[PDB]
Every structure is written in structure tokens, then in C-alpha cells.
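**Q** Residue numbers (full-length UniProt numbering), protein chains in the order written: chain A, 9 to 144; chain B, 9 to 144; chain C, 97 to 144; chain D, 9 to 144; chain E, 9 to 144.
For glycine and all other residues, C-beta sits at the position ideal for the given N, C-alpha and C.
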Amino acid sequence: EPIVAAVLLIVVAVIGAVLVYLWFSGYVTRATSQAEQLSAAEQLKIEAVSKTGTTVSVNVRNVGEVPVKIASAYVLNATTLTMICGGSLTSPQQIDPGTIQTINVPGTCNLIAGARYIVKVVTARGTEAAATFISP
Amino acid sequence: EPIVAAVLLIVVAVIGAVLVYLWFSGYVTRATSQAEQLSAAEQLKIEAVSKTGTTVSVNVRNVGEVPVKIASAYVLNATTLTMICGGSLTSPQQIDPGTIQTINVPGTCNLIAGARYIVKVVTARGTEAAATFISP
Amino acid sequence: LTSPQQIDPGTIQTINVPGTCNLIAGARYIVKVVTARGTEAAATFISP
Amino acid sequence: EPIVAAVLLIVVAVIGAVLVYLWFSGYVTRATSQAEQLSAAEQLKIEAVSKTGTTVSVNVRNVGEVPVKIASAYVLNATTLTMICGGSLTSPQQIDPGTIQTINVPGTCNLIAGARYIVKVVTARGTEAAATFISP
Amino acid sequence: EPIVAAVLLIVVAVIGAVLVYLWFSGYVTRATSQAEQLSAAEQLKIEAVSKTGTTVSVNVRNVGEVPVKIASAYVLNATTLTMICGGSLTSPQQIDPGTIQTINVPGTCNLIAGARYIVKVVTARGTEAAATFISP
Numbered sequence: 009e010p011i012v013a014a015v016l017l018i019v020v021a022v023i024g025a026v027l028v029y030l031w032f033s034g035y036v037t038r039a040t041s042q043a044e045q046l047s048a049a050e051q052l053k054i055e056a057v058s059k060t061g062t063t064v065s066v067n068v069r070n071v072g073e074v075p076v077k078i079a080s081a082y083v084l085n086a087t088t089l090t091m092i093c094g095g096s097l098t099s100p101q102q103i104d105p106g107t108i109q110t111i112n113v114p115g116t117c118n119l120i121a122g123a124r125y126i127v128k129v130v131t132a133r134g135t136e137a138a139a140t141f142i143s144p
Numbered sequence: 009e010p011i012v013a014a015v016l017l018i019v020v021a022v023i024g025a026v027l028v029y030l031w032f033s034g035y036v037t038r039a040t041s042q043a044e045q046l047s048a049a050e051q052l053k054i055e056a057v058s059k060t061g062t063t064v065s066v067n068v069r070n071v072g073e074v075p076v077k078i079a080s081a082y083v084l085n086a087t088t089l090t091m092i093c094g095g096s097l098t099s100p101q102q103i104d105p106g107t108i109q110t111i112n113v114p115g116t117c118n119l120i121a122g123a124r125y126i127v128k129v130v131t132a133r134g135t136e137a138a139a140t141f142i143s144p
Numbered sequence: 097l098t099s100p101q102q103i104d105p106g107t108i109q110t111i112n113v114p115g116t117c118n119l120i121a122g123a124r125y126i127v128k129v130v131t132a133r134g135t136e137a138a139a140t141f142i143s144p
Numbered sequence: 009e010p011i012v013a014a015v016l017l018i019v020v021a022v023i024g025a026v027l028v029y030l031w032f033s034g035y036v037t038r039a040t041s042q043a044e045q046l047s048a049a050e051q052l053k054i055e056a057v058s059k060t061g062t063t064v065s066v067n068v069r070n071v072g073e074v075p076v077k078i079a080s081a082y083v084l085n086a087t088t089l090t091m092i093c094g095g096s097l098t099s100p101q102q103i104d105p106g107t108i109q110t111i112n113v114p115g116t117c118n119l120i121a122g123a124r125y126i127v128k129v130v131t132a133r134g135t136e137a138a139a140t141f142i143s144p
Numbered sequence: 009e010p011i012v013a014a015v016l017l018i019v020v021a022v023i024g025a026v027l028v029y030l031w032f033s034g035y036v037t038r039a040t041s042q043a044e045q046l047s048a049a050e051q052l053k054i055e056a057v058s059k060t061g062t063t064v065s066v067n068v069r070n071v072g073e074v075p076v077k078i079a080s081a082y083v084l085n086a087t088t089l090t091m092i093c094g095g096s097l098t099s100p101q102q103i104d105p106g107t108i109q110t111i112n113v114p115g116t117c118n119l120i121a122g123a124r125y126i127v128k129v130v131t132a133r134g135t136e137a138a139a140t141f142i143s144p
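In C-alpha cells:
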């Protein structure tokens, strides 16, 4: 009589094992592939900068193999990591691999000739690229 | 009765380990190969420059072993890192290793005789080569 | 593949990618081979 | 009848898992935070030394930002790593960040003019800072 | 009734864990020690070379502290890494620490007066030491 209960319990345990199998396969596949794709890296470099009046224009070179979106740009003060001007771009700019694009710092901020300034661009994914220039 | 459940759990763990091994092999191969192939570097050198009116012509020799494409050229001002003329070329030019090619700066920019100007050429992959010249 | 190719332990074999595909010189490509059991091995090369 | 035993065993397993969770949270917390706090590093530098008779006085400045206790001082012979005089200070001296204090080598040791000697001071935590001087 | 099966399963798991611990201790110890001992370094230096007729004699000094065996010697051509003469020695020669030994390049190879050559000696473990000479 307990044998019947044991058989039912074994069947229930097998069903639970199958359900664990299904969920575990789904989770391992999804999370594993998500981690694998986040393992990929994104690289940028800025070729040169130009200043016209009070507007700063930057040319960004996409040396990577994936499309790049530029979302913000700043003008950082030297050795203090404090921004003078910057913010969200009005519309994100897409940069194709092997191509170039022109980026303008949002807003208007004055500059002092012969002073230290760091121009910085950040991607939508978080990649950071920056360099220095001497304001005319 | 728990023995059957334990056997199913062991089987599930073994299958999960097999799937993890498959993905791990694929990912390690892809990542290792990408890193090894991007470890390679490219070198460029400019032989000489010439100016005809307001057009700048640059001869680039690729001392590397694999083809490299020229993407943009600039004429940089001294000690200020500010561009005067330049931008993306109309069509990229491919340079065969062991050969030479002539590149013209895009657009038209005036120059002042006896002044400092830095000629700069950037590859599609991001390699930079540059030098200086005296404007006639 | 038209017919599966068997590779003995400690030996080597030649495998041709099925079909015909054009390539671009100096471009990036990943070559990949998969076993009957599912094992994956791959690498990259620069097309001539 | 085995169903009741199975339910009790499941309850026992759940209670054991809860206990394991409690201990695991506690142990991870303490060990992790201990590792984080011992990860911090300490830096020292000695400004100048002076000799009065047979007493060696050293001024130590903590370029770091954490409180520091000086525990011992030595006078090491050149390239043989053998001490001539040194030992525990009578009472450890606390040197505040951004300040300096005077430390005297314990005991009395003679010196030879124009010879090589390395003065060495060690913190209570084990940080090592030293330099060389020529005895007058 | 499932309680007995659970107790037996726990006992089996404990035995398996003991076996895993035994193997793990053995493996970590022996593999770790083999790695530590291969971490050791081997250093050679050659004092001078001599030419008698068509035979090249090299004096090798053991600047290290461990016994070293010399197995082969070569004569490389300049800038091409191509051997002119060389091969396995008839019997490997042992060099004691702090001592010197004379090694003759195997075989007979002609040389040209005033020509460029590299003499090279390799140890049993793979250490490489070499220098240059001008043939008389």
C-alpha cells in the first residue's frame, strides 16, 4: 500500500526534475548569451577639435566595428574634474564604423585663450574618449 | 524514492555542464582570436608634401604588411591643436604595402608663407602619422 | 557538409567551407567548425 | 505514509537552507568588508635626518591621509642587511596625517664618518620607508 | 522509509567529498610545487671564444647557482638566423656553479676572415646565451 504512494512520489519528483530542466536550460542560455554579448567592447577616438566663436566642434572617428551613438559632450577643467559647459545633445548622433561625424558641445560656454581644457565625449553604451587642446 | 530524484538532478547538472562547456569553448575561441588579431599594429610614414596654389598634396608610403585605407587629412596649426582645413575624403584610398599613394587635403584652405603647419593623415583603423612643413 | 568527415585522434584533416562566398581583402572574418556532438572551435584570419 | 515523512524532510531542508543563508550572509559580509578595509595602502616618506653625538633623529611626514604609529627604527649596514643598532621604541609615536614628528633610534650606536648607513622606520601596520645618509 | 534513503545518500555524499578532498590536496600540492620549481631562473654568460684552424672553442661561465648542462652550439649568419654549422654534441657537458668549461662547436665548418658570425650555446632546459666575434 505504501508502494503506490512511493510510485506517485517518484513520478512527482521526475516531473519536478523535468520542470527544473526546462527552466535551467532557458536561464543558462539567456544569461550566458547576455554575458557573452556584454563581453564585447566599444572603442572610440577623437581626431581633432575646432573652436568657432563660442561653439566647439569635435570630429569623432569610429575605429570599432559596431555602430556608435554619441549622447553627451563636456568641457572639463584641468585637474579638478569640474564641468564648465555640457549636457544632453538635442538628438543622439549615430556614427557608422569606418566613418566620421561632427559633434557640437551643447549650449554656449566661454573660453580663455591659452588655458587648459579637456574635451570629452561619451557613448550611449558608456564608452569614454577624451583629449586636450589649447583654446585660441 | 529520493534516489530517483537525485539521479535526475545529477543528469540535469551533467547536461548543464555540457552546455556551459560548449558555450565556453565558443566564446574563448572568439575572444582569444579577436584579441590576437587586434594585437597587430600598423605604421605609416609620409615621404614629402607639395603645394599647388591652395591644394596640398601628400605622398604616403605604407611600410606595413597589410593594406591600409586613408580616411581623412588635416592641416593643423602649431601648438594649438586646432584644424584650419580638412575632413572626410570623398572616397577612401587604399594603399598597397610596398607602394606609395598621393592624397589631397579635402576642400580649399589658404596658407601663409613661412608659417608653421602640421599635415596629418589618419587611417580607417585609427593609425596616425604626421609631420611638419614650411609653406612657400 | 555534403558528407561528414571523420577525424581520427592524433591526426589531421582538411575541411572546405560549403558553397562559394566572396570575400574582401583586409576584412575581418571568423572561421568556425562544429562537430557532430556539438563541440565548437574557431579562429580568425585576414583574407588576402 | 511516506508522504508525511517526505513533507517533514522538505520542511527540515528548508530550515537548513534558511540557516545556511543566515550564516552565508554574515560571513560574506565580514570577510568581504575585512578584505576591502585591508586593501587600503599606507605611504610614508622621511624628510631629513640629523646626528647629535651618538643619537640619530629622523623626521617622518605622512603624505597619506590615515593615522600612523611609528614602532621601530634601525640603522642598516650597506648591502648586507645586517642591523647595527635598533629595536622597539619605548612608546609608539602617533604621527597625524599632514604633520611631522621626531623619531630617535632606540639605544646608542657609534658611527664612522664618511661611511654608508641606511636609516629605516617601520609602521605598526608594517609599512616600510627608508633612505640613506652620510654620517658626519 | 525515505529517511533511511536520505541518510544513506548523505553518507555517500560525505564519502565522495572526502575522496574529492584527498585528490584536491594531492593535486594542488604537486601541481603547485611543480609550477613553483619551474618558476626558477637560469642564467649563463660566455667569456671569450677562440678559433683553431676550423674548430671553434667557446668558454662558458656559470653565473648561476645550479648545475647546467650544455647540449648544442651553433654559428648563425647575420640578419638571417640561418645556421652554418652546429648540432647535437656527442655527449652533453655539465658546468658546475661558479666554474668554467670549454665547449667546441660540433662538426667542422669553414669561416671567412673578417666576416660576421654569431656564436650561440643552448642549455638542456632551453636557456639561451650568445655573443659575437670577428673571424681571424
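1. In angstroms, rounded to a whole number, what distance separates the CA positions of residue 54 of chain E and residue 46 of chain E?
2. Between residue 11 of chain E and chain D, is there a C-beta pair that is closer than 7 Å?
3. May I ask which residues mark the beginning and end of the beta strand (DSSP E) holding residue 24 of chain A?
4. Quick check on residue 70 of chain B: does DSSP put it in helix, strand or coil?
5. Report yes if the C-beta distance between residue 129 of chain D and residue 64 of chain D is below 7 Å; otherwise report no.
6. Per DSSP, which one or two residues make a beta bridge with residue 138 of chain E?
7. Tell me which residue opens and which closes the beta strand (DSSP E) that residue 110 of chain A is part of.
8. What's the gap between the Cα of residue 145 of chain D and the Cα of residue 126 of chain E?
9. Shorter than 7 Å from the beta carbon of residue 21 of chain E to some beta carbon of chain B?
10. Which class does residue 61 of chain B belong to by DSSP, given the choice of helix, strand or coil?
11. Between which two residues does the beta strand (DSSP E) holding residue 101 of chain C run?
12. Would you please verify whether the beta carbon of residue 14 of chain D is less than 7 Å from any beta carbon of chain E?
13. Do residue 72 of chain E and residue 50 of chain E have their beta-carbon atoms positioned less than 7 Å apart in this structure?
14. Alpha carbon to alpha carbon, what distance is there between residue 91 of chain D and residue 116 of chain E?
15. List the whole-angstrom C-beta distance separating residue 10 of chain D from residue 13 of chain A, where the pair is believed to meet the contact cut-off of C-beta under 8 Å.
16. Output the boundary residues of the beta strand (DSSP E) element that contains residue 78 of chain A.
17. Establish whether the CB of residue 25 of chain A and some CB of chain B are separated by less than 7 Å.
18. Return yes when the Cβ of residue 67 of chain B is within less than 7 Å of the Cβ of residue 56 of chain B, no when it is not.
19. Given a limit of 8 Å on CB to CB distance, which residues of the segment 88-113 of chain A reach chain B?
20. Under the three-state reduction of DSSP, which class applies to residue 55 of chain D: helix, strand or coil?
21. Assuming residue 75 of chain B and residue 121 of chain C form a contact by the criterion Cβ under 8 Å, report the distance between their Cβ atoms to the nearest whole angstrom.
22. Would residue 82 of chain B pass as an interface residue toward chain A - the criterion being a Cβ-Cβ separation below 7 Å?
23. Just to confirm, are residue 103 of chain E and residue 70 of chain E a CB contact at a threshold of 7 Å?
24. Going by the CB atoms, is the gap between residue 77 of chain B and residue 137 of chain B shorter than 7 Å?
25. For residue 93 of chain A, write down the residues that DSSP places opposite it in a beta bridge.
26. Taking Cβ-Cβ distances shorter than 8 Å, what residues in chain D pair up with residue 17 of chain A?
27. With the cut-off set at 7 Å, would you say residue 37 of chain E and residue 118 of chain E are in Cβ contact?
28. Would you kindly work out how many angstroms separate the C-alpha atoms of residue 22 of chain D and residue 30 of chain D, rounded to a whole number?
29. On the CB-based measure, 16 or more other CB atoms within 10 Å of its CB, does residue 146 of chain E come out buried or exposed?
30. For residue 43 of chain D, does the count of other Cβ atoms within 10 angstroms reach 16, so buried, or fall short, so exposed?
31. Contact criterion: CB-CB distance below 7 Å. Does residue 34 of chain B meet it with respect to chain C?
32. Out of A:18, A:93 and A:139, point me to the one whose CA is closest to residue 88 of chain B's CA.
33. Residue 136 of chain A CB to nearest chain B CB: under 7 Å?
34. Take residue 58 of chain E and list the residues in its own chain whose beta-carbon comes closer than 7 Å to its own, dropping the five residues that flank it on each side.
**A** According to the structure data:
1. For the purposes of this step, residue 54 of chain E is identified with residue 46 of the fifth sequence, where counting begins at 1. For the purposes of this step, residue 46 of chain E is identified with residue 38 of the fifth sequence, where counting begins at 1. Their backbone Cα atoms lie some 24 Å apart in a straight line.
2. The residue you call residue 11 of chain E lines up with position 3 of the fifth sequence. Closer than 7 Å to the CB of residue 11 of chain E there is at least one CB belonging to chain D.
3. The residue given as residue 24 of chain A occupies position 16 in the first sequence. For residue 24 of chain A, there is no enclosing beta strand (DSSP E); the residue is part of the alpha helix (DSSP H) that begins and ends at 10-46.
4. Position 62 of the second sequence, counted from the first residue, corresponds to residue 70 of chain B. DSSP places residue 70 of chain B in coil when its eight states are reduced to three.
5. Position 121 of the fourth sequence, counting from 1, holds the residue named residue 129 of chain D. Position 56 of the fourth sequence, counting from 1, holds the residue named residue 64 of chain D. No, they are not a contact pair.
6. Along the fifth sequence, one-based indexing puts residue 138 of chain E at 130. Note: residue 138 of chain E sits in a beta bridge opposite E:128.
7. If you number the first sequence from 1, residue 110 of chain A lands on position 102. For residue 110 of chain A, the uninterrupted beta strand (DSSP E) segment begins and ends at 108-112.
8. For chain D, the structure presents residues 9 to 144; residue 145 of chain D sits outside this window and is missing.
9. For the purposes of this step, residue 21 of chain E is taken as the residue at position 13 of the fifth sequence. False, the Cβ-Cβ gap to chain B never drops below 7 Å.
10. Residue 61 of chain B sits at position 53 when you count from the first residue of the second sequence. In this structure, residue 61 of chain B counts as coil in the three-state DSSP scheme.
11. Sequence index remark: in the third sequence, residue 101 of chain C carries index 5 (1-based). No beta strand (DSSP E) contains residue 101 of chain C, which DSSP labels as neither H nor E.
12. Along the fourth sequence, one-based indexing puts residue 14 of chain D at 6. It does: the Cβ of residue 14 of chain D has a partner Cβ on chain E nearer than 7 Å.
13. Taking the first residue of the fifth sequence as position 1, residue 50 of chain E is located at position 42. Taking the first residue of the fifth sequence as position 1, residue 72 of chain E is located at position 64. Yes.
14. For this step, residue 116 of chain E is matched to residue 108 along the fifth sequence. For this step, residue 91 of chain D is matched to residue 83 along the fourth sequence. So the two alpha carbons sit approximately 58 Å from each other.
15. Residue numbering aside, residue 10 of chain D sits at position 2 when the fourth sequence is read from its first letter. Residue numbering aside, residue 13 of chain A sits at position 5 when the first sequence is read from its first letter. Contact flag correct, Cβ pair sits at about 5 Å.
16. In the first sequence, the residue the question calls residue 78 of chain A occupies position 70. Run containing residue 78 of chain A: 76-85, per the beta strand (DSSP E) assignment.
17. By 1-based counting over the first sequence, the position of residue 25 of chain A is 17. Yes - at least one Cβ of chain B is within 7 Å of the one on residue 25 of chain A.
18. Numbered from 1 along the second sequence, position 48 holds the residue referred to as residue 56 of chain B. Numbered from 1 along the second sequence, position 59 holds the residue referred to as residue 67 of chain B. For residue 56 of chain B and residue 67 of chain B, yes; Cβs fall inside 7 Å.
19. From the segment 88-113 of chain A, only 106, 107 and 108 have a Cβ closer than 8 Å to chain B.
20. The residue labelled residue 55 of chain D in the question sits at position 47 within the fourth sequence. Three-state DSSP puts residue 55 of chain D in a strand.
21. Walking along the second sequence from the start, residue 75 of chain B turns up at place 67. Walking along the third sequence from the start, residue 121 of chain C turns up at place 25. The pair is a contact, with the Cβ atoms about 6 Å apart (cut-off 8 Å).
22. As a position in the second sequence, residue 82 of chain B is number 74, starting the count at 1. Yes, its Cβ sits closer than 7 Å to a Cβ of chain A.
23. Sequence index remark: in the fifth sequence, residue 103 of chain E carries index 95 (1-based). Sequence index remark: in the fifth sequence, residue 70 of chain E carries index 62 (1-based). Yes; because the gap between Cβ atoms is below 7 Å, this pair is in contact.
24. In the second sequence, the residue the question calls residue 137 of chain B occupies position 129. In the second sequence, the residue the question calls residue 77 of chain B occupies position 69. No.
25. Here residue 93 of chain A refers to the residue found at position 85 when the first sequence is read from its first residue. According to DSSP, residue 93 of chain A bridges with A:83.
26. Along the first sequence, one-based indexing puts residue 17 of chain A at 9. Chain D residues near residue 17 of chain A: 10, 11 and 14.
27. Locating residue 37 of chain E in the fifth sequence gives position 29, counting from the first residue. Locating residue 118 of chain E in the fifth sequence gives position 110, counting from the first residue. No, Cβ-Cβ distance for residue 37 of chain E and residue 118 of chain E is not below 7 Å.
28. In the fourth sequence, the residue the question calls residue 22 of chain D occupies position 14. In the fourth sequence, the residue the question calls residue 30 of chain D occupies position 22. Spanning the two alpha carbons is a distance of roughly 12 Å.
29. The displayed coordinates of chain E run from 9 to 144. Any statement about residue 146 of chain E would go beyond what the structure contains.
30. The count along the fourth sequence starts at 1 and reaches residue 43 of chain D at position 35. The residue in question, residue 43 of chain D, is exposed, as its Cβ has fewer than 16 Cβ neighbours within 10 Å.
31. Taking the second sequence and counting its residues from 1, one reaches residue 34 of chain B at position 26. Output row for residue 34 of chain B: interface = yes.
32. Residue mapping note: residue 88 of chain B aligns to position 80 of the second sequence, counting from 1. Of the listed residues, the one whose Cα sits closest to residue 88 of chain B is A:139.
33. What you label residue 136 of chain A is simply residue 128 of the first sequence in a count that begins at 1. False, the Cβ-Cβ gap to chain B never drops below 7 Å.
34. Position 50 of the fifth sequence, counted from the start, is the residue given in the question as residue 58 of chain E. Taken in chain order, the residues that qualify are 65.
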